[PDB]
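This report refers to the structure that appears directly beneath it.
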Amino acid sequence: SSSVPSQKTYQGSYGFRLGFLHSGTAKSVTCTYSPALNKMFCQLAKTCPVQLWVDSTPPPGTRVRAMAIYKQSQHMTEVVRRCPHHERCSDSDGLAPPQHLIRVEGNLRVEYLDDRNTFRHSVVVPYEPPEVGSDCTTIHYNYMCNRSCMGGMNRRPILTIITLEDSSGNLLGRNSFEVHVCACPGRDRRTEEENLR
Ligand SMILES: [Zn+2]
């Protein structure tokens, strides 16, 4: 058996889009997003801000789900999970399953799912509208393995799929971005952009 979650962009009725801080590539940055590569460069277990931008307010009870998938075609059917080492280092925050790559930081309403049919992991929070004078909603994700992990991702590129779903789980919108968890995001981003013709 196997299945592959859709990664098709779907802005949907509420005009759902993702946004990221314009953080630059100084060596000290804790994370940084490349618009040219649609790629977020971030660090193990550290804050990774992702912004939700909507054009109109979704219904009450809307939820925001994050799920990782392998980028390379030949690995798409493989569930992305933490490496054995990090799983064993028993470092759950008391909410997150130790096998889950993606956590949410700073939200006590976070919910984690092991899908009993597809075996995929995901993390979901209630959708909240922006604060007054803010134009987006920010979620702090943490990625709990990097590209230096042996086993688990094992150096392979991944994407995060962000889904807006209603209270009944129906699809309202979907977006995605590549994630590269590394030691020095600023350096990795600048280097990877240096190639661009
Ligand atoms: Zn790991």
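Chain labels follow the order of the structure tokens: the first chain is A, the next B, and so on; residue numbering restarts at 1 in every chain, and ligands are counted from 1 in their shown order.
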
What lies within 10 Å of stretch 81-85 of chain A using only C-alpha atoms, ignoring chain neighbours under 6 positions off, as a CSV table (one decimal) with C-alpha atoms, in the first residue's frame?
chain,number,residue,atom,x,y,z
A,68,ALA,CA,5.9,17.0,5.3
A,69,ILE,CA,6.5,15.1,2.1
A,98,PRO,CA,8.6,11.9,19.3
A,99,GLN,CA,8.4,10.5,15.7
A,100,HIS,CA,6.9,13.7,14.3
A,101,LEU,CA,9.2,16.0,12.3
A,102,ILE,CA,7.1,19.1,12.5
A,120,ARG,CA,1.2,10.3,7.5
A,121,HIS,CA,2.1,12.6,10.4
A,143,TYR,CA,11.5,21.1,12.5
A,144,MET,CA,13.0,18.4,14.7
A,145,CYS,CA,15.6,16.8,12.4
A,146,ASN,CA,18.1,18.4,10.0
A,149,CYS,CA,20.5,13.3,10.4
A,150,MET,CA,21.3,9.7,9.6
A,151,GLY,CA,18.1,7.8,8.9
A,152,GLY,CA,14.8,9.6,8.8
A,153,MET,CA,15.2,12.3,6.1
A,154,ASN,CA,18.8,11.1,5.5

Applying 6 Å and only C-alpha atoms, which residues near stretch 38-44 of chain A remain after dropping the ones on its own chain fewer than 4 positions away? List them as a PDB file with C-alpha atoms, in the first residue's frame.
ATOM      1  CA  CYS A  31      15.938  31.111   9.491  1.00  0.00           C
ATOM      2  CA  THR A  32      15.432  32.650   6.092  1.00  0.00           C
ATOM      3  CA  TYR A  33      13.201  32.147   3.054  1.00  0.00           C
ATOM      4  CA  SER A  34      14.311  32.226  -0.568  1.00  0.00           C
ATOM      5  CA  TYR A 143      11.527  21.087  12.485  1.00  0.00           C
ATOM      6  CA  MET A 144      12.980  18.415  14.716  1.00  0.00           C
ATOM      7  CA  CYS A 145      15.600  16.808  12.442  1.00  0.00           C
ATOM      8  CA  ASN A 146      18.066  18.374  10.046  1.00  0.00           C
ATOM      9  CA  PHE A 177       7.222  25.331   0.331  1.00  0.00           C
ATOM     10  CA  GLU A 178      10.497  23.444   0.401  1.00  0.00           C
ATOM     11  CA  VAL A 179      12.240  23.163   3.776  1.00  0.00           C
ATOM     12  CA  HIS A 180      15.980  22.843   4.312  1.00  0.00           C
ATOM     13  CA  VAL A 181      16.948  22.324   7.921  1.00  0.00           C
ATOM     14  CA  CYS A 182      20.628  23.080   8.334  1.00  0.00           C
ATOM     15  CA  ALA A 183      23.284  24.534  10.621  1.00  0.00           C
ATOM     16  CA  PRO A 185      20.509  29.007   7.013  1.00  0.00           C
TER      17      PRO A 185
END

What does the distance from atom CA of residue A:22 to atom CA of residue A:139 come to in Å, to one decimal?
15.8 Å

Please give the complete set of residues from stretch 49-173 of chain A that DSSP, run on the backbone, assigns to strand (DSSP E or B), formatted as a PyMOL selection string.
chain A and resi 49-53+63-70+102-105+111-114+121-126+137-143+158-165+171-173

Using only C-alpha atoms: which of A:61, A:19, A:24, A:133 has the shortest distance to residue A:170:
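Residue with the minimum atom-to-atom distance to residue A:170: A:61.
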
Expressed in Å to a single decimal, how great is the separation between atom CA of residue A:104 and atom CA of residue A:125?
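Distance reported for this atom pair: 8.2 Å.
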
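When atom CA of residue A:25 is paired with atom CA of residue A:70, their separation reads 25.1 Å.
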
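Residues in contact range of residue A:78, defined as at most 9 Å between only C-alpha atoms, with sequence neighbours fewer than 2 positions away removed, read residues 2, 3, 4, 69, 70, 74, 75, 76, 80 and 120 of chain A.
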
I need the chosen residues saved as a PDB file, in the first residue's frame, with C-alpha atoms.
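For reference, part_6.pdb as written:
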ATOM      1  CA  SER A   2       0.951   3.658  -0.507  1.00  0.00           C
ATOM      2  CA  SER A   3      -0.541   7.105  -0.960  1.00  0.00           C
ATOM      3  CA  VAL A   4       0.744  10.589  -1.726  1.00  0.00           C
ATOM      4  CA  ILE A  69       6.539  15.109   2.069  1.00  0.00           C
ATOM      5  CA  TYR A  70       9.679  14.098   0.196  1.00  0.00           C
ATOM      6  CA  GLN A  74      10.966   8.306  -6.088  1.00  0.00           C
ATOM      7  CA  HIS A  75      10.468   9.055  -2.385  1.00  0.00           C
ATOM      8  CA  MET A  76       7.002  10.581  -2.499  1.00  0.00           C
ATOM      9  CA  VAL A  80       8.632  11.684   6.411  1.00  0.00           C
ATOM     10  CA  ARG A 120       1.213  10.256   7.503  1.00  0.00           C
TER      11      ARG A 120
END

So which bits of stretch 40-167 of chain A end up helix (DSSP H, G or I) when you DSSP the backbone, as a ChimeraX atom specification?
/A:73-75,84-88

With distances taken over only C-alpha atoms, which of A:73, A:51, A:160, A:142 is nearest to residue A:130?
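That would be A:51, the residue with the smallest distance to residue A:130.
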
I'd like the contact shell of stretch 106-110 of chain A - 10 Å cut-off, only C-alpha atoms, skipping same-chain residues fewer than 5 positions apart - returned as an MDAnalysis selection string.
chainID A and resid 47 64:65 95:96 123:126 139:141

For a quick check of understanding, using only C-alpha atoms and all ligand atoms, which of A:103, A:147, A:71, A:27 has the smallest distance to ligand 1?
A:147

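Comparing A:148, A:137, A:169, A:37 by their smallest distance to ligand 1, the closest is A:148 (using only C-alpha atoms and all ligand atoms).
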
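Closest approach to ligand 1 among A:189, A:116, A:88, A:174 is made by A:88 (distances from only C-alpha atoms and all ligand atoms).
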
Considering only C-alpha atoms, return as a list in words whatever protein or nucleic-acid residues lie within 9 Å of stretch 9-16 of chain A, sequence-local ones (same chain, fewer than 5 positions apart) excluded.
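That gives residues 52, 53, 54, 55, 56, 57, 58, 164, 171, 172, 173, 174, 175 and 176 of chain A.
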
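Closest approach to ligand 1 among A:168, A:134, A:90, A:191: A:90, based on only C-alpha atoms and all ligand atoms.
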